[PDB]
Amino acid sequence: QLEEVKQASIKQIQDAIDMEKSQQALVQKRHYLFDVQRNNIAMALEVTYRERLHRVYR
Amino acid sequence: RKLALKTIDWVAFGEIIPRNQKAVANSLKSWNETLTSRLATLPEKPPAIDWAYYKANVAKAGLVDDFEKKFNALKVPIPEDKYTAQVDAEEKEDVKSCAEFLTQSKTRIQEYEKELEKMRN
């Protein structure tokens, strides 16, 4: 009697927990990525201006 | 422009699966770190010229002076964009990320919680 009830409880809260945790991640990671993606761009640009002043002046 | 302040949770970063980009993320991180190391170094300012010194001293002269005003006057564009669909290829995929999958995923989550209530009876 006792077994099947406890098996369903375990599986039930599991699919809950995992689904909300999976959800929380996809937002945050991607907000993540957006940080970086702009960054990786914009970085090289300033620099190129920067070094270019070097290069041409020399 | 200056620096962009985006903080990157690298944990979350690679993981993504909009599947045309998960591979890209793994590469893009490292592509980043190449760019990251590069910029972080580059010396911020180059020097400029003692025009007066060379003004005297270059005697195919007026060259330094011509150059002086013209160099002090000569200005510079700032390097183009390519790929900034990211700002947008974000937020819409973000609605997929968050809201669309979120809400559905919470809808799932609740049924198990309600049913763990039931299983508490």
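Residues numbered from 1 in each chain as written, not as in the entry; some residues may be left out. Chains lettered and ligands numbered in written order. Part of a larger assembly, values for the part shown. Heavy atoms only, no water. Residues with missing side-chain atoms left out of burial classes, pairs and counts.

- As recorded in the entry header, the structure was determined using cryo-EM to a resolution of 6.7 Å.

1. Describing the overall build of chain B
Phase 1 of the analysis: Check the secondary structure of chain B and you find five helices and zero strands.
Phase 2 of the analysis: Relative to the compact-globule value of 14 Å for 121 residues, chain B shows a C-alpha radius of gyration of 28 Å, a clear excess of over 25%.
Phase 3 of the analysis: Counting only C-alpha atoms and orienting by the principal axes, one finds that chain B spans roughly 100 × 25 × 25 Å. (Helix = DSSP H or I, 4+ residues; strand = E, 2+ residues; numbered from the N terminus. Rg over C-alpha atoms; globule rule 2.2 N^0.38 Å.)

2. Here's the deal with the overall build of chain A
Phase 1 of the analysis: When helices and strands are tallied, chain A shows one helix and zero strands.
Phase 2 of the analysis: Computed over its C-alpha atoms, the radius of gyration of chain A comes to 25 Å, more than 25% above the 10 Å expected for a compact globule of 58 residues.

3. A closer look at unusual backbone geometry
Residues and elements named next belong to chain B.
Phase 1 of the analysis: Positive phi is not limited to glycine here, since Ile17 has a value of about 65°.
Phase 2 of the analysis: Counting through the fold element by element, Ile17 comes out in the loop between α1 (10-13) and α2 (22-41).
Phase 3 of the analysis: The backbone phi angle of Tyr83 is positive, close to 50°, even though this residue is not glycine.
Phase 4 of the analysis: By the element assignment, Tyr83 lies in the loop between α4 (63-73) and α5 (86-119).

4. Focus on the interface of chain B and chain A
Phase 1 of the analysis: Listed per partner, the contact involves 11 residues of chain B and eight residues of chain A.
Phase 2 of the analysis: For the side of chain B that touches chain A, the secondary-structure elements that each account for two or more residues are α1 and α5 of chain B.
Phase 3 of the analysis: The element contributing the most residues to the side of chain B that touches chain A is α5 of chain B, with four residues.
Phase 4 of the analysis: Of the residues in the side of chain B that touches chain A, the class split is six nonpolar, two polar and three charged. (Contact = heavy atoms within 4.5 Å. Nonpolar A, V, L, I, M, F, W, Y, C, P; charged D, E, K, R; others polar.)

5. Describing the packing of helix α1 (residues 2-57) of chain A against α5 of chain B
Packed helices, taken two at a time, are described by the angle between their axes plus the distance between the axes.
Phase 1 of the analysis: For the pair α1 of chain A and α5 of chain B, interaxial distance at closest approach is 8 Å and the crossing angle is 165°. When the axes of α1 of chain A and α5 of chain B are compared, the pair comes out roughly antiparallel. Pair α1 of chain A / α5 of chain B crosses with left-handed handedness. Residues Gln12, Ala16, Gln23 and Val27 of chain A of α1 of chain A form the contact with α5 of chain B, whose participating residues are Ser97, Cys98, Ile109 and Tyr112 of chain B.
Phase 2 of the analysis: Tallied by class, residues from the contact of α1 of chain A with α5 of chain B come to five nonpolar, three polar and no charged. (Axes fitted to C-alpha atoms, helices over the stretch in contact; angles between N-to-C directions. Parallel < 35°, antiparallel > 145°, perpendicular 65-115°, else oblique. Left-handed = near helix turned anticlockwise from the far one by under 90°.)

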